[PDB]
2 protein chains.
Amino acid sequence: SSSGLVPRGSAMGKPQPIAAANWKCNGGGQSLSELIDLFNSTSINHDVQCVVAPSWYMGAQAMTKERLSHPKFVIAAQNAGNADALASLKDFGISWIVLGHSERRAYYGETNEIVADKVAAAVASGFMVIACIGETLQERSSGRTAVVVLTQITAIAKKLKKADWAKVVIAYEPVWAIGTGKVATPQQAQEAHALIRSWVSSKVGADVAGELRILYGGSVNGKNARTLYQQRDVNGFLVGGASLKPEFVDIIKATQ
Amino acid sequence: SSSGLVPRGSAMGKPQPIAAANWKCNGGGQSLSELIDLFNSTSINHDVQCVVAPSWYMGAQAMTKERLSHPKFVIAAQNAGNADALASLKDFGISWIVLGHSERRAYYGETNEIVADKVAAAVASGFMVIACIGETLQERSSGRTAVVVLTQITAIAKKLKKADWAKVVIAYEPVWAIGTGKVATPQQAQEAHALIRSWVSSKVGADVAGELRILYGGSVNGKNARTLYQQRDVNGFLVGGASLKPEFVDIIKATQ
Ligand SMILES: Cc1ncc(C[n+]2csc(CCOP(=O)(O)O)c2C)c(N)n1
Ligand SMILES: Cc1ncc(C[n+]2csc(CCOP(=O)(O)O)c2C)c(N)n1
């Protein structure tokens with residue numbers, strides 16, 4: 001009861017996009033300062049939630065908490081943590097967390113149970129959690145992706161009640177795309193994201209599933225972001241390498 | 001009752017050196033493979049325990065567990081973890097862990113209590129733990145080092161019984177030396193290490209204190225390692241950047 005005079009122009013839809021930067025690996029306290037100068041000097045007119053994930057390493061989070069002021073940016077913790085670690089995070093007004101592969105993989109092989117526990121402990125303390133799931137290249141080559149991907153989100157979901165999903169973001173980031181220059185095709189991304197959503201729709205709720213954001217991560221850059229975002233089931237990006245460059249702004253723009 | 005015919009030639013002494021490589025930041029599954037080819041092809045004749053800490057990231061730990069065979073090398077986990085994470089580590093025959101700054105600092109400011117808990121949980125599952133302590137540049141400039149350093153190890157110690165120290169290694173790595181090219185002078189290192197040992201001697205036992213290894217970490221490379229190791233209270237090195245280069249071999253040799 002709220003369309004125009006004429007059909008369409010689209011079947012979506014689409015929750016609000018996120019564009020997340022993970023600065024886990026950078027030792028340039030200076031250029032980072034400059035980056036967030038760029039970010040601040042940057043007019044983002046559409047509805048997108050931008051996230052920056054600094055390390056303690058070098059300037060990093062201290063610099064960011066101080067010098068980043070843009071209204072569409074929040075700061076997230078990387079991993080985290082103990083119950084003390086969460087209590088500490090609250091104290092410093094950090095309310096987002098990125099969880100995923102380190103956690104699943106740090107301890108020599110698929111500890112999804114740890115991912116699930118961490119996501120839930122976090123949601124339980126009121127955090128927004130970006131949860132990452134993805135196959136390895138081996139699992140991809142052997143056509144195990146669908147099984148692996150579902151296994152991972154089933155784990156995360158087991159520890160959550162329907163209402164927790166309000167605070168959950170999913171990042172689909174295949175391990176073979178991380179730092180490798182091998183990004184998923186828009187068709188791959190769409191496929192996996194669609195799979196994930198169909199799972200959430202069925203097992204949690206269609207209500208929840210349409211509101212859920214599933215970000216794509218893995219070798220996203222200025223070039224490939226738009227075509228990727230075009231996909232029906234992509235709601236933004238988890239970005240590592242290119243997040244440390246002025247092109248992150250372009251990754252953000254692609255999210256419109 | 002076991003000297004030669006003639007005094008000296010030294011007042012030490014000195015427990016067995018460690019030379020630890022932390023590969024937290026490297027995306028070159030190929031060159032790493034080559035590195036450990038170099039490490040394997042490398043004859044280390046003296047008593048030194050070499051440690052390599054791979055990430056899950058890229059090839060990394062999978063590659064290392066497979067391809068590293070040298071008898072004087074063990075593999076350590078980076079951080080870790082949950083009780084599941086430790087249980088997982090045991091399963092894969094990983095028996096060493098590096099804990100420190102991420103842990104103390106990940107959650108926006110000095111969570112030493114987390115470091116202590118983690119070190120003890122680890123020692124309790126039978127792990128060798130390399131525990132890192134260090135001031136920030138601010139704390140250094142303002143002459144707060146002694147207070148900060150002691151605060152940190154006092155925390156670690158609180159959760160340990162005298163016999164746990166058998167499994168504890170201390171890494172003194174000032175945060176201002178990490179990835180910054182600003183390494184401690186041999187005199188700084190000696191000072192801090194000496195402080196730490198005097199603390200352990202007094203509060204834990206002189207017995208324990210002389211057997212304890214305190215490694216120096218922070219911008220160690222082929223050039224500076226020897227002069228550093230020469231110091232009475234330095235028992236080796238925690239090495240990040242230069243550990244990813246053929247010069248790590250030289251850092252190892254310096255430990256003789
Ligand atoms: C707790 C935790 N720590 C780290 C990670 C890994 N990680 C998070 S951001 C990013 C995306 C960009 O890579 P690229 O350089 O290709 O843009 C990667 C692959 C995780 N999933 N969970
Ligand atoms: C759990 C945990 N994760 C990470 C760290 C940091 N970190 C460990 S190895 C290394 C030494 C070489 O730096 P450089 O590049 O100067 O040789 C640094 C500074 C810690 N203390 N605890």
# chains A, B, ... in the order shown; residues from 1 in each chain; ligands from 1
>>> residues_near_ligand(ligand="ligand 1", cutoff="10 Å", atoms="only C-alpha atoms and all ligand atoms", output="NGL selection string")
(:A and (20-25 or 53 or 77-81 or 97-106 or 115 or 118 or 130-134 or 171-183 or 216-221 or 237-244)) or (:B and (27 or 56-58))
>>> residues_around(residues="residue 233 (chain B)", least_positions_apart="4", cutoff="12 Å", atoms="only C-alpha atoms", output="ChimeraX atom specification")
/B:11-17,170-172,186-198,209-216,228-229,237
>>> write_last_selection(atoms="N, CA, C and O atoms", output="short mmCIF file (atom, residue, chain, number, x, y, z; two decimals), in the first residue's frame")
data_model
loop_
_atom_site.label_atom_id
_atom_site.label_comp_id
_atom_site.auth_asym_id
_atom_site.auth_seq_id
_atom_site.Cartn_x
_atom_site.Cartn_y
_atom_site.Cartn_z
N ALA B 11 80.67 -15.93 35.14
CA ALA B 11 79.86 -16.11 36.34
C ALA B 11 78.57 -16.86 36.02
O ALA B 11 77.83 -17.27 36.91
N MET B 12 78.31 -17.02 34.72
CA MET B 12 77.16 -17.78 34.24
C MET B 12 77.64 -19.04 33.52
O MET B 12 78.71 -19.05 32.92
N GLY B 13 76.83 -20.11 33.54
CA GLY B 13 75.47 -20.06 34.05
C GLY B 13 74.56 -20.02 32.84
O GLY B 13 74.99 -20.34 31.74
N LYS B 14 73.30 -19.65 33.05
CA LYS B 14 72.38 -19.40 31.94
C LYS B 14 71.63 -20.65 31.51
O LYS B 14 72.24 -21.61 31.02
N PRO B 15 70.29 -20.64 31.65
CA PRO B 15 69.46 -21.79 31.30
C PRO B 15 69.54 -21.95 29.80
O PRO B 15 70.23 -21.16 29.15
N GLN B 16 68.84 -22.92 29.23
CA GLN B 16 68.96 -23.10 27.79
C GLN B 16 68.16 -22.04 27.06
O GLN B 16 67.00 -21.79 27.38
N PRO B 17 68.78 -21.41 26.06
CA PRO B 17 68.20 -20.33 25.27
C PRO B 17 67.00 -20.81 24.45
O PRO B 17 66.95 -21.98 24.06
N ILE B 170 59.39 -16.34 30.06
CA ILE B 170 59.01 -14.94 30.02
C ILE B 170 59.62 -14.27 28.80
O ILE B 170 60.80 -14.44 28.51
N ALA B 171 58.80 -13.56 28.05
CA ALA B 171 59.32 -12.70 27.00
C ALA B 171 59.13 -11.26 27.45
O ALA B 171 58.02 -10.81 27.70
N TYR B 172 60.24 -10.56 27.61
CA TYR B 172 60.14 -9.14 27.81
C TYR B 172 60.14 -8.49 26.44
O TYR B 172 61.17 -8.45 25.77
N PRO B 186 71.17 -2.99 24.39
CA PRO B 186 71.50 -4.14 25.23
C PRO B 186 71.36 -3.75 26.71
O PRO B 186 70.98 -4.57 27.55
N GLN B 187 71.66 -2.49 27.01
CA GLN B 187 71.58 -2.00 28.38
C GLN B 187 70.14 -1.92 28.89
O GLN B 187 69.87 -2.26 30.05
N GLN B 188 69.22 -1.51 28.02
CA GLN B 188 67.81 -1.47 28.41
C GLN B 188 67.33 -2.87 28.69
O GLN B 188 66.78 -3.14 29.75
N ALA B 189 67.55 -3.76 27.72
CA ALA B 189 67.12 -5.15 27.81
C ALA B 189 67.61 -5.80 29.10
O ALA B 189 66.82 -6.36 29.87
N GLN B 190 68.92 -5.72 29.31
CA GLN B 190 69.55 -6.25 30.51
C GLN B 190 68.86 -5.73 31.78
O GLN B 190 68.45 -6.52 32.63
N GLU B 191 68.70 -4.41 31.87
CA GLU B 191 67.98 -3.76 32.97
C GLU B 191 66.60 -4.36 33.29
O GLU B 191 66.31 -4.75 34.44
N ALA B 192 65.74 -4.38 32.28
CA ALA B 192 64.39 -4.87 32.43
C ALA B 192 64.40 -6.36 32.81
O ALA B 192 63.71 -6.78 33.74
N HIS B 193 65.20 -7.14 32.09
CA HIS B 193 65.32 -8.57 32.35
C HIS B 193 65.79 -8.82 33.77
O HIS B 193 65.28 -9.70 34.47
N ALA B 194 66.81 -8.06 34.17
CA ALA B 194 67.33 -8.15 35.52
C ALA B 194 66.23 -7.84 36.52
O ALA B 194 66.00 -8.62 37.43
N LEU B 195 65.53 -6.73 36.35
CA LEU B 195 64.37 -6.40 37.18
C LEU B 195 63.44 -7.59 37.32
O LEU B 195 63.12 -8.02 38.43
N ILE B 196 62.99 -8.12 36.19
CA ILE B 196 62.07 -9.25 36.18
C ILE B 196 62.62 -10.42 36.98
O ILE B 196 61.91 -11.03 37.77
N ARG B 197 63.89 -10.74 36.78
CA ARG B 197 64.46 -11.90 37.46
C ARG B 197 64.54 -11.68 38.97
O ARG B 197 64.29 -12.59 39.75
N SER B 198 64.88 -10.45 39.36
CA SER B 198 64.98 -10.11 40.76
C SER B 198 63.61 -10.27 41.38
O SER B 198 63.48 -10.72 42.51
N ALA B 209 64.24 -18.78 39.72
CA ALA B 209 64.63 -17.57 39.00
C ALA B 209 65.83 -17.78 38.09
O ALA B 209 65.94 -17.15 37.03
N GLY B 210 66.74 -18.67 38.49
CA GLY B 210 67.93 -18.92 37.70
C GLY B 210 67.69 -19.87 36.55
O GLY B 210 68.41 -19.88 35.56
N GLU B 211 66.65 -20.69 36.70
CA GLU B 211 66.24 -21.64 35.69
C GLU B 211 65.31 -20.99 34.67
O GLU B 211 65.17 -21.48 33.54
N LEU B 212 64.67 -19.90 35.08
CA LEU B 212 63.76 -19.15 34.21
C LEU B 212 64.43 -18.52 33.00
O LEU B 212 65.45 -17.86 33.12
N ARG B 213 63.83 -18.70 31.84
CA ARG B 213 64.30 -18.01 30.65
C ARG B 213 63.48 -16.76 30.41
O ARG B 213 62.26 -16.78 30.43
N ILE B 214 64.18 -15.66 30.23
CA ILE B 214 63.56 -14.42 29.87
C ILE B 214 64.09 -14.04 28.49
O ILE B 214 65.28 -13.80 28.31
N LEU B 215 63.20 -14.05 27.51
CA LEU B 215 63.59 -13.70 26.15
C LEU B 215 63.40 -12.21 25.93
O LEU B 215 62.57 -11.59 26.57
N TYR B 216 64.19 -11.63 25.04
CA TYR B 216 63.91 -10.27 24.63
C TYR B 216 63.19 -10.29 23.30
O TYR B 216 63.55 -11.05 22.40
N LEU B 228 72.84 -8.36 22.07
CA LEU B 228 71.73 -8.53 22.99
C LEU B 228 71.90 -9.81 23.81
O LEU B 228 71.82 -9.78 25.04
N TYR B 229 72.17 -10.92 23.13
CA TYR B 229 72.30 -12.20 23.82
C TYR B 229 73.47 -12.20 24.82
O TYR B 229 73.43 -12.92 25.82
N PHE B 237 65.24 -14.87 22.28
CA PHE B 237 64.51 -13.87 21.52
C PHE B 237 63.13 -14.31 21.10
O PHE B 237 62.93 -15.43 20.66
#
>>> closest_residue(among="A:44, A:199, A:252, A:59", to="residue 136 (chain B)", atoms="only C-alpha atoms")
A:59
>>> residues_around(residues="region 30-33 of chain B", least_positions_apart="4", cutoff="8 Å", atoms="only C-alpha atoms", output="mmCIF file with N, CA and C atoms, in the first residue's frame")
data_model
loop_
_atom_site.group_PDB
_atom_site.id
_atom_site.type_symbol
_atom_site.label_atom_id
_atom_site.label_comp_id
_atom_site.auth_asym_id
_atom_site.auth_seq_id
_atom_site.Cartn_x
_atom_site.Cartn_y
_atom_site.Cartn_z
ATOM 1 N N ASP B 37 62.210 -24.909 4.742
ATOM 2 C CA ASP B 37 63.203 -25.682 4.004
ATOM 3 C C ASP B 37 64.575 -25.238 4.468
ATOM 4 N N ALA B 60 50.461 -21.583 6.368
ATOM 5 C CA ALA B 60 50.674 -21.361 7.781
ATOM 6 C C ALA B 60 50.862 -22.633 8.594
ATOM 7 N N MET B 63 50.819 -26.097 6.785
ATOM 8 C CA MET B 63 52.066 -26.274 6.056
ATOM 9 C C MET B 63 53.201 -26.627 7.020
ATOM 10 N N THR B 64 53.296 -25.882 8.120
ATOM 11 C CA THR B 64 54.385 -26.028 9.084
ATOM 12 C C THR B 64 54.371 -27.379 9.779
ATOM 13 N N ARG B 67 55.570 -29.836 7.058
ATOM 14 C CA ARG B 67 56.863 -29.703 6.402
ATOM 15 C C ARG B 67 58.069 -29.391 7.334
ATOM 16 N N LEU B 244 60.666 -14.111 9.697
ATOM 17 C CA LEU B 244 60.158 -14.474 8.382
ATOM 18 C C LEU B 244 61.218 -14.312 7.299
#
>>> atom_distance(atom1="CA of residue 76 (chain A)", atom2="atom 15 (O, counted along the ligand's line) of ligand 2")
24.1 Å
>>> residues_around(residues="region 90-94 of chain B", least_positions_apart="2", cutoff="8 Å", atoms="only C-alpha atoms", output="short mmCIF file (atom, residue, chain, number, x, y, z; two decimals) with N, CA and C atoms, in the first residue's frame")
data_model
loop_
_atom_site.label_atom_id
_atom_site.label_comp_id
_atom_site.auth_asym_id
_atom_site.auth_seq_id
_atom_site.Cartn_x
_atom_site.Cartn_y
_atom_site.Cartn_z
N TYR A 108 44.27 -25.57 15.27
CA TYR A 108 44.57 -26.69 14.38
C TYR A 108 43.35 -27.51 13.94
N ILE B 75 56.46 -26.44 17.57
CA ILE B 75 55.47 -25.53 17.05
C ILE B 75 54.63 -25.05 18.20
N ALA B 76 54.37 -23.75 18.24
CA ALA B 76 53.50 -23.16 19.26
C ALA B 76 52.23 -22.60 18.63
N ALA B 77 51.16 -22.64 19.42
CA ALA B 77 49.93 -21.95 19.11
C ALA B 77 50.08 -20.46 19.46
N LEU B 86 42.25 -25.60 23.94
CA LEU B 86 43.40 -26.31 24.48
C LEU B 86 43.27 -27.79 24.20
N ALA B 87 42.07 -28.30 24.46
CA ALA B 87 41.75 -29.68 24.14
C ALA B 87 42.05 -30.00 22.67
N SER B 88 41.67 -29.08 21.79
CA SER B 88 41.97 -29.19 20.36
C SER B 88 43.49 -29.22 20.09
N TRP B 96 53.13 -25.97 23.00
CA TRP B 96 53.63 -24.66 23.38
C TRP B 96 52.62 -23.58 23.00
#
>>> select_by_dssp(residues="region 105-244 of chain B", states="helix (DSSP H, G or I)", output="VMD selection string")
chain B and resid 112 to 124 137 to 141 145 to 158 162 to 167 175 to 177 186 to 203 206 to 211 225 to 230 241 to 244
>>> closest_residue(among="A:2, A:61, A:26, A:227", to="ligand 2", atoms="only C-alpha atoms and all ligand atoms")
A:26
>>> closest_residue(among="A:3, A:152, A:55, A:45", to="ligand 2", atoms="only C-alpha atoms and all ligand atoms")
A:55
>>> closest_residue(among="A:250, A:47, A:66, A:84", to="chain B", atoms="only C-alpha atoms")
A:84
>>> closest_residue(among="B:121, B:146, B:137, B:19", to="residue 236 (chain B)", atoms="only C-alpha atoms")
B:19
>>> closest_residue(among="B:251, B:200, B:38, B:124", to="ligand 2", atoms="only C-alpha atoms and all ligand atoms")
B:251
>>> atom_distance(atom1="CA of residue 234 (chain A)", atom2="CA of residue 117 (chain A)")
25.6 Å
>>> select_by_dssp(residues="region 50-90 of chain B", states="strand (DSSP E)", output="list in words")
residues 50, 51, 52, 53, 54, 73, 74, 75, 76, 77 and 78 of chain B
>>> write_last_selection(atoms="N, CA and C atoms", output="PDB file, in the first residue's frame")
ATOM      1  N   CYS B  50      64.210 -23.981  19.632  1.00  0.00           N
ATOM      2  CA  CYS B  50      63.620 -23.104  18.628  1.00  0.00           C
ATOM      3  C   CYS B  50      62.108 -23.315  18.581  1.00  0.00           C
ATOM      4  N   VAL B  51      61.373 -22.216  18.502  1.00  0.00           N
ATOM      5  CA  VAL B  51      59.926 -22.274  18.461  1.00  0.00           C
ATOM      6  C   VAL B  51      59.454 -21.544  17.224  1.00  0.00           C
ATOM      7  N   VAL B  52      58.486 -22.129  16.529  1.00  0.00           N
ATOM      8  CA  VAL B  52      57.803 -21.435  15.453  1.00  0.00           C
ATOM      9  C   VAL B  52      56.307 -21.348  15.742  1.00  0.00           C
ATOM     10  N   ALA B  53      55.786 -20.127  15.648  1.00  0.00           N
ATOM     11  CA  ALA B  53      54.374 -19.845  15.881  1.00  0.00           C
ATOM     12  C   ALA B  53      53.606 -19.447  14.599  1.00  0.00           C
ATOM     13  N   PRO B  54      53.060 -20.427  13.873  1.00  0.00           N
ATOM     14  CA  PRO B  54      52.314 -20.097  12.648  1.00  0.00           C
ATOM     15  C   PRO B  54      50.876 -19.641  12.923  1.00  0.00           C
ATOM     16  N   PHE B  73      63.173 -27.813  16.846  1.00  0.00           N
ATOM     17  CA  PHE B  73      62.022 -26.940  16.667  1.00  0.00           C
ATOM     18  C   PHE B  73      60.761 -27.570  17.224  1.00  0.00           C
ATOM     19  N   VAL B  74      60.030 -26.808  18.028  1.00  0.00           N
ATOM     20  CA  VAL B  74      58.639 -27.126  18.308  1.00  0.00           C
ATOM     21  C   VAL B  74      57.728 -26.095  17.663  1.00  0.00           C
ATOM     22  N   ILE B  75      56.459 -26.441  17.570  1.00  0.00           N
ATOM     23  CA  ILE B  75      55.474 -25.533  17.046  1.00  0.00           C
ATOM     24  C   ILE B  75      54.629 -25.054  18.204  1.00  0.00           C
ATOM     25  N   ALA B  76      54.374 -23.748  18.243  1.00  0.00           N
ATOM     26  CA  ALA B  76      53.504 -23.163  19.258  1.00  0.00           C
ATOM     27  C   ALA B  76      52.228 -22.604  18.631  1.00  0.00           C
ATOM     28  N   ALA B  77      51.162 -22.640  19.417  1.00  0.00           N
ATOM     29  CA  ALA B  77      49.930 -21.949  19.106  1.00  0.00           C
ATOM     30  C   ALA B  77      50.083 -20.464  19.458  1.00  0.00           C
ATOM     31  N   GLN B  78      49.442 -19.604  18.672  1.00  0.00           N
ATOM     32  CA  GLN B  78      49.370 -18.176  18.961  1.00  0.00           C
ATOM     33  C   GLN B  78      48.121 -17.978  19.759  1.00  0.00           C
TER      34      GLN B  78
END
